[PDB]
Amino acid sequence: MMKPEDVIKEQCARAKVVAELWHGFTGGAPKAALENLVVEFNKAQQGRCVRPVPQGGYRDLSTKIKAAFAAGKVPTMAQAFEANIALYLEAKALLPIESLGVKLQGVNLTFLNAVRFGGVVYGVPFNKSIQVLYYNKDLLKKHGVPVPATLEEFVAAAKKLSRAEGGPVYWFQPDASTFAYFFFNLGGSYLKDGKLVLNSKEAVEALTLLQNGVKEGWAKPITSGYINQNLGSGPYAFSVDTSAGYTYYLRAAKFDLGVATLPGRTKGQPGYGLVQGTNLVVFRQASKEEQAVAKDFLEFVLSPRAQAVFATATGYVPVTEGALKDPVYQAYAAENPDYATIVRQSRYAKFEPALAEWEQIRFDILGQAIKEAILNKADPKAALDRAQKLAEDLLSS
């Protein structure tokens, strides 16, 4: 009857034209904030609505988009990572955004650069996250431990707090996103002379750091659920996690949650965070009329108020300069120093490779190498040499 998705269903039933938007939000603040945006957009249109359709998580979404093509029936819009855009571009499946008439002046260059392919923009940055350092303010105060500003300090702090609390206080998922933080901040790069390399010396160093942290009793692998679904079980000091975790950490944490910029190589600058979350793309297969709904919706999404409300509700990074000048954004940042912390971290941002095969590689090849080393004590170099060979085989295929 009156939940936001019930209201959207009633709005789309009355509408002349309905543009489907397929997404990967399972719940929480992200799902609610997307639905609230859509309700507001749909109220403003005479008979021209967006229908958000949850597809599960992001990988369920791309699988379903792939099947939708094979079935010949794609949605008007979807969320897509840069790797998903690369893949959909092989099938010529995406409309250039600037062709549609969406104005992109004032979108963060970081974000716009990531959705530009052969000099053409194919996505609108929508829900873009950055990794931040979550921490337990209470536990650091209890032992006199400053928030670590360098990787050296962070390791030292994890050791000191783990010894004091009798268990590993740095919590991590053994996955490609957590690996990227350590890899990037040890000077790693995935592309060497245009070739994807998973077994570089910095990759080996990064994976060895995490495996040694598990051995030394300062790093705790989280194998079942998000870190924020594991809090309460054992002492927690720190995690490196997406800024879109923010609402889930806040609800779960039974301690005073802190958010900091990432530890870097030196105090000269924060460490680089991995940019995650998604862009909205518009499919060529849409009708001209559905495409016109997409154009109005994308201009609404990029309006400063819509950005301000969406970002402060979720911990995503506002994608426009105008969002930071909007009073609703300003009011929230003044009350909550974590929004500002998330925006400052967004200045020190790195992306994974924008390759069609990258989604498969990050989970099934690279993520599996990281799990072998962390959970089964595989030799880090042996595990990443295996990854490198599977990735080369997949790309050459």
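Residue indices: 1-based, along the sequence shown.
- Two stretches are in play, 66 to 74 and 334 to 342, and the higher mean C-alpha B-factor belongs to 66 to 74.
- The PDB entry reports B-factors from which the mean C-alpha value can be compared for 38 to 46 and 365 to 373; the larger average falls on 38 to 46.
- The PDB entry assigns the greatest CA B-factor among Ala219, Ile227, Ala252, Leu100 to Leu100.
- In the PDB entry, the Cα temperature factor peaks, among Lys137, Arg116, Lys159, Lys325, at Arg116.
- Among all modelled residues in this chain, the alpha-carbon of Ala383 has a temperature factor (C-alpha) in the lowest third.
- Among the modelled residues of the chain, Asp241 sits in the lowest third by CA temperature factor in this PDB entry.
- Among all modelled residues in its chain, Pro96 ranks in the highest third by Cα B-factor.
- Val275: CA B factor in the lowest third of modelled residues in this chain (values from the PDB entry).
- Looking at the C-alpha B-factors along this chain, the one for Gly144 belongs to the highest third.
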